[PDB]
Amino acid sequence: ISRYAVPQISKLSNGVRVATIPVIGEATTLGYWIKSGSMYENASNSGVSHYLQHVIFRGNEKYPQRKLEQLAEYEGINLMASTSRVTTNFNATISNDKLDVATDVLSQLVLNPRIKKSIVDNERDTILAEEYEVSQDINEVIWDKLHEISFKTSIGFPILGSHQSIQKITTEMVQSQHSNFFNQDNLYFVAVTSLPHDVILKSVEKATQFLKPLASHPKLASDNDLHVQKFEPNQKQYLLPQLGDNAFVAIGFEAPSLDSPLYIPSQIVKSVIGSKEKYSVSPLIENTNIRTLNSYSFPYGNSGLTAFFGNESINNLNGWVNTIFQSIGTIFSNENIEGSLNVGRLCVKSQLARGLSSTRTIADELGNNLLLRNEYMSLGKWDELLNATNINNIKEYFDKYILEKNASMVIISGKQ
């Protein structure tokens, strides 16, 4: 756990900003958070950010693949990476006696890669298989289809790239993404730790001794205003008869930007609908027998997407759609809005409480917060903002985002 804290941030003379937040315990999560992701791509390089992420982790001169494998096996340096639409990270969760090796590996891999045609060409099959695998989880497929028909802009791209895009990715494209997106001024080193701030700082200093300062600062290729998103509600239906007597469906609305005063209202409304679990279903849902329900709301630059999705038997599909639309409408009723606000606020608080017990979760929020917000948002200010959120804020959110708005919708049917 973590004690309503605040990060401490120092900048090395080479430009690398080191952000730490104090945590009790013996686990440390640390690594690099970079504003690199599919939002910053176009049609010509779709999939490159994720493709780079893999190449990075295929090792460099100092730490080739065999040396990496050896470090996980014998030395307990278990490296993790992921790429989203908006950010990328390379991290390790470690015992504290492993600090210098971990800061050294991560710095070398992220900031000193050696990107070769052979490693790039050799990686292609791994990414093709990953794309195949994700394509067999219909929650992932319908999530991507919903993004695709809602955004003609780059948010509509799958993170991995289409099959065709994965095949066309060149070494030059991978090197270009690293050269334009992985500089000191587009990233933070993050550590969630008991170790003092200065210990992390010196260790990163030592790990990044090869790194020369930037001569200049061209406008970051990751700036949101270079990738203005346009949400346009559309409907598309697909077949997948391998599903049998089953269909997937997803409903989408535009959501507020992260810095919108209406962001927290959208999170509360999304949460009060929430997900269906084995024992748990929103009081807004009338037919509690619906097979399943998942709700998400993400910000994407000037835009964002609120999504509701599930699967049902063919005969229950249309009823699922009505239940969800009815539940969303029910929040706006003056008899229900107060209670919806209260329950939704509690949902957001419970989600927060659950995040505070893991150094991995804390690291990811801190890294994302630093990259994506104008100014750092503490859990402190966040809770006050949640507590000060009122019925008029919810109404204004409904007025701007929900009421009288066309929704996107995708259906993938076993029969249709």
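The first residue of the sequence shown is number 1, and the count goes up from there.
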For the C-alpha atoms alone, is the average B factor greater in 113 to 121 or in 183 to 191, going by the entry?
-> 113 to 121
Taking the mean of the C-alpha B-factors per stretch from the entry, tell me the winner out of 360 to 368 and 34 to 42.
-> 360 to 368
Top residue by Cα temperature factor, when 198, 254, 133, 312 are compared in the entry | 198
Residue with maximal Cα B-factor (values as given in the PDB entry) among 276, 98, 227, 230 | 98
Looking at the entry's B-factor column for C-alpha atoms only, identify whether residue 245 ranks in the lowest, middle or highest third of its chain.
-> middle
Binned into thirds over the chain's modelled residues, the C-alpha B-factor of residue 389 lands in the middle
If you rank the chain by CA B-factor, which third does residue 348 end up in: lowest, middle or highest?
-> middle
For residue 282, does the deposited CA B-factor place it in the lowest, middle or highest third of the chain?
-> middle
Please place residue 48 in the lowest, middle or highest third of its chain by C-alpha B factor as given in the entry.
-> lowest
